């Protein structure tokens, strides 16, 4: 239940191959999400090709995302949720309260999953990822 934000091109977590995976759930009316994104963007460009995948999955409209990336473009893939039960969708990522923003780091081949509590920034991402690699 994921597609490219523009193309509506079907997508899935199954396409992500790195040992560590970072999923950010967000939306364009989220001021906190919007604050964190340029930091995630800059962090991401300085990671090695093989080491991590990052996606920002928008619980928002193709229209609203388009406008946002116009002003705040990021270095990582942006997809869009296409389903009807948003609460249930977030739950599968460990987001039980159903709140945004929400960023979670995983090493899927190992089942390891940890939400990033506190500000998502360069030091936060680096530490979380290093912890996940170690699993």
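Numbering follows the first chain given and starts at 1.
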Going by the average Cα B-factor in the PDB entry, point out whether 48-56 or 29-37 comes out higher. 29-37
Can you tell me which stretch has the higher mean Cα B-factor, 113-121 or 19-27? 113-121
Looking at the temperature factor on the CA atom of residue 61, which third of the chain's modelled residues does it land in? highest
If you rank the chain by CA B-factor, which third does residue 71 end up in: lowest, middle or highest? highest
Would the CA B-factor of residue 96 place it in the lowest, middle or highest third of its chain? middle
Going by the recorded CA B-factors, say which third of the chain residue 105 sits in, lowest, middle or highest. lowest
